[PDB]
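Quick notes on the structure that follows.
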Amino acid sequence: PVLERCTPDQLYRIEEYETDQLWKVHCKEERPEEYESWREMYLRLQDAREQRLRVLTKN
Amino acid sequence: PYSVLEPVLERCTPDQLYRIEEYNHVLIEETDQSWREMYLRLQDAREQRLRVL
């Protein structure tokens with residue numbers, strides 16, 4: 001239940017040390033997993049978002 | 001301009017906002033989140049507790 005209150009990266013850093021529904025909750029909106037888990041989808045779409053913010057935000 | 005970045009930043013998660021903020025530190029007027037720092041003090045409280053489990 002404490003994991004339910006964790007951000008994606010708080011949850012991720014915990015796992016890098018059975019919870020795909022936490023990742024389903026985190027997961028757009030007009031977005032379904034291809035052949036991956038909810039967890040894998042998130043990390044792929046968050047990477048993309050992160051690169052795109054990176055480019056916009058360099059002043 | 002921040003006015004153009006602003007509504008995209010609003011779709012970011014706290015840790016994603018913070019990472020963008022650590023990427024470009026000029027980002028500020030990001031307060032609409034004393035103040036975007038009570039968050040960081042409280043989250044750090046949570047993080048220490050989580051460490052122990």
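We name chains A, B, ... by the order of the sequence lines, and we start the count at 1 in each one. These values consider heavy atoms only, across backbone and side chains, with no hydrogens, waters or symmetry-generated copies.
The CZ atom of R11(B) sits 7.0 Å away from atom CZ of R49(A), with the distance rounded to the nearest 0.5 Å. Note that the CG atom of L9(B) and the CG atom of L53(A) stand 6.0 Å from one another [nearest 0.5 Å].
Cluster membership check: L17(B) shares its hydrophobic cluster with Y2(B), using side-chain heavy-atom separations under 4.5 Å among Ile, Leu, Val, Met, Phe, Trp and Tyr. In terms of hydrophobic clustering, with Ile, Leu, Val, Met, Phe, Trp and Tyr side chains grouped at heavy-atom distances under 4.5 Å, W38(A) and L43(A) are assigned to a common cluster. Grouping the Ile, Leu, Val, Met, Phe, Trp and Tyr side chains by contacts below 4.5 angstrom, directly or via other members, places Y23(B) apart from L27(B).
Considering only residues two or more places apart in sequence or on other chains, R19(B) meets the side-chain hydrogen bond (donor to acceptor under 3.5 Å, both in side chains) condition with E50(A), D15(B). Every side-chain hydrogen bond (donor to acceptor under 3.5 Å, both in side chains) that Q48(B) has, sequence neighbours left out, goes to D44(B).
With chain A as the partner, the residue from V8(B), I20(B), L53(B) showing the most heavy-atom pairs under 4.5 Å is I20(B).
Taking 4.5 Å as the limit, every side-chain heavy atom of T13(B) sits out of range of all side-chain heavy atoms of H26(A).
Using a 4.5 Å cut-off between heavy atoms, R54(A) contacts chain B through both its backbone and its side chain.
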